[PDB]
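**Student:** model the structure of this input:
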Amino acid sequence: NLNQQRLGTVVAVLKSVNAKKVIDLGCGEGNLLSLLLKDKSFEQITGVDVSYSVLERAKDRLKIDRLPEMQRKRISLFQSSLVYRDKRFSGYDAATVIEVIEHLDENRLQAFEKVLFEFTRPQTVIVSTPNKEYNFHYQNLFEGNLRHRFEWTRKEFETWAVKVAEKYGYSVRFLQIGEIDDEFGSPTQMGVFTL
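**Tutor:** Numbers count the residues shown, from 1 in each chain. Below you will find the coordinate block:
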């Protein structure tokens, strides 16, 4: 499924840069945390979410209060707004922002940018967001999955990526996740930012 490819790619990218400490900003229900917890190469796995409701679901989904001792010593989950600085954000090799920016209004987005690229400022930053164009053509209204609004087009994602890259001094690489359409691109767009 697409989610597998999406999260599977993030992990792959993280290993390519030999990231040992990873923080997933806006971790939702911990799906990425799950996959990361399966790769012993990651020494510290951290998830952050603005809603404790979602964090609680993440805790249950991961059965954190069940994993072995050495397993629970590597993961951490905590609540934060993601728009203000937080000391708990520093000291990481990489930060992941999966399907998060399309949900942020102009205001929260710009503040999130400073906290991420200026304060947290990790060696690697992975960001993925849907492709409005691709979905418009392959996603049926009210249908939960692909195959036959606030999402960004390729141009919009590329424009944003170049903007933060040149403003904060990151080199940016563009990846296409999912089946590629010669005219519309792929289901999800990904930008890999490196210092």
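
**Student:** C-alpha only now, for contacts and for neighbours.
**Tutor:** Fine.

**Student:** quick one, what contacts residue 92?
**Tutor:** For residue 92, the contact set (Cα atoms under 8 Å, 6 or more residues apart in numbering) comprises 21-23, 120, 122.

**Student:** state the three-state secondary structure for it.
**Tutor:** The three-state label given to residue 92 by DSSP: H, G, I helix; E, B strand; the rest coil is coil.

**Student:** chain neighbours aside, what residue packs nearest to it?
**Tutor:** Nearest non-adjacent residue to residue 92, counting by Cα to Cα, 6 or more residues apart in numbering: residue 21, 5.1 Å away.

**Student:** any idea what the one you found is bridged to?
**Tutor:** On the basis of DSSP bridges, residue 21 is bridged to residue 44.

**Student:** show the contacting residues for it.
**Tutor:** Counting by Cα under 8 Å, 6+ apart, residue 21 touches 42-45, 91-94.

**Student:** what about 7 Å?
**Tutor:** Under the criterion of Cα atoms under 7 Å, 6 or more residues apart in numbering, the neighbours of residue 21 are 42-45, 92-94.

**Student:** and for residue 180?
**Tutor:** residue 186.

**Student:** swap the cut-off to 8 Å and go again
**Tutor:** Taking Cα under 8 Å, 6+ apart, we find residue 180 in contact with 186-187.

**Student:** tell me the phi and psi of it?
**Tutor:** Backbone torsions for residue 180, taken as degrees, to the nearest 10, come to phi -100, psi 130.

**Student:** can you show me the strands along the chain?
**Tutor:** Using DSSP state E, the strands of the chain run over residues 21-25, 44-49, 75-79, 94-98, 124-130, 171-177, 188-194.
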